[PDB]
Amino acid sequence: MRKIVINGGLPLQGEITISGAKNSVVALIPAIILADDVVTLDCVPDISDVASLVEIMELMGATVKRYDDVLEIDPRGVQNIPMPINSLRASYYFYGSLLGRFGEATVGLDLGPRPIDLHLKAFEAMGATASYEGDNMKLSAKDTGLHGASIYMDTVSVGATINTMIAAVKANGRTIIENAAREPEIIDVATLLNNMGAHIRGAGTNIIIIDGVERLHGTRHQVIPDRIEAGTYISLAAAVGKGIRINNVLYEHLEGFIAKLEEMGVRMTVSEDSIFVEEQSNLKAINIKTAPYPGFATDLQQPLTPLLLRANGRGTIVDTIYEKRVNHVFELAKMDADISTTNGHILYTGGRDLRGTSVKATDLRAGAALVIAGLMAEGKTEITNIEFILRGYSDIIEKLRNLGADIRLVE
């Protein structure tokens, strides 16, 4: 019933403020199950993933108070019951918090490796074995209970690093996560937990040490800015802006992204709190290869692509994290972009005017790509399945209209 309508081809200008990180908050909320008292989060983004997580927490017995950018979560009433969600990668983080709190998790269920296998392997090493007792999966910790272990992650995994860390904070003994993911959201989750009384050291590095504690208390914690939202608006400002200030940005979390934009010839003025993106010219094509942080983020390759389509020359995008993250390509092609995918690889030639038409968001960051492309494109663009965008971009319509975009929510 809902679509986004954009009349593009018009320069944008002004300023936009970045909200708290989707990819921190979706771990922060379930981690709060571990606490003995209320935990309050500030700079909570108004995104659908947060609303869904709030609903689950309430159904599990938490009470949640919400206003402005704040969530007050009281997990004391949380019950040890099967989880009744699953469409969200973040649902996994309940495994770690429920294991940590109750010593067991009864949880909702392709033919090869699945990302979750990494989490379960870590849990198994901490004494929590799995089971398929009938339609559902059961994790249960053994003997004196959940315990520490030295865990080498066969491949780098943000989800498994975070889930292992959450599980470890109330485990018996020390957990050492080797080949840990370094994403700054992992630091944020560790920071929350430490201020709740955990003992986590090395977050942000390849080795994380956790010494299990008896109990966690409450705290009030500001979610780090969303570096992906920030990168999205920087890409947008470069593609169609004539001078836009992006506020609440931490450039230290965008080193790999900023490097590639500078390679293209993007001119921006970087401060400790904000970035001013100039009106751009003479951009040149680059090649993108995603990699674990601090490498170039897989979550940013799609939002960056329409800016690549502005540049002069040809390039390729290779996503080493999610090889088949290419579903924006078929949709961008409908807008007359010179873009294709074989594999695996995404090939583009920039410099062509895009033309608005009806396109469908296929996922969160592909949706963002179509929004930026819609703003660049001549004529009118209509985006359907906008629910994907609303998962991760807070106040997007309002933020963009404030930059002078002709964008509208229709139903």
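The first residue of the shown sequence is 1; numbering continues from there.
- Check the residues of the deposited sequence separating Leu109 from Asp110 and report how many of them have no coordinates, as none, 1 to 3, 4 to 9, or 10 or more. The entry has 4 to 9 unmodelled residues between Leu109 and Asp110.
- What number of residues from the deposited sequence go unmodelled in the gap from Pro84 to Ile85, classed as none, 1 to 3, 4 to 9, or 10 or more? Gap between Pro84 and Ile85: 1 to 3 residues without coordinates.
- 90-98 versus 253-261 - which carries the larger mean C-alpha B factor in the record: Stretch with the greater average CA B-factor: 90-98.
- Message: Using only C-alpha atoms and the B-factors in the entry, which stretch averages higher, 391-399 or 15-23?
- Response: Mean B over CA atoms: larger for 391-399.
- Residue with maximal Cα B-factor (values as given in the PDB entry) among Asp226, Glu214, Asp336, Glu185: In the PDB entry, the greatest C-alpha B-factor among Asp226, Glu214, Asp336, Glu185 is found at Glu214.
- Query: Which has the highest CA B-factor per the PDB entry: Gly197, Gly241, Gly134, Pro306?
  - Reply: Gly134 has the highest C-alpha B-factor of those listed.
- Ranked against its chain, the third holding the CA B-factor of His345: Tercile = highest for this residue's CA B-factor.
- By the record's CA B-factor, is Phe276 among the lowest, middle or highest third of residues in the chain? Lowest third of the chain for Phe276's C-alpha B-factor.
- Quick one: classify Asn312 as lowest, middle or highest third of the chain based on its Cα B-factor. Highest third of the chain for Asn312's C-alpha B-factor.
- Message: When the deposited Cα B-factors of this chain's modelled residues are ordered and cut into thirds, is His221 in the lowest, the middle or the highest one?
- Response: Within its chain, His221 is a lowest-third residue by C-alpha B-factor, going by the deposited values.
- Message: Quick check for you: using the entry's CA B-factors within this chain, is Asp42 in the lowest, middle or highest third?
- Response: Answer is lowest: the recorded C-alpha B-factor places it there.
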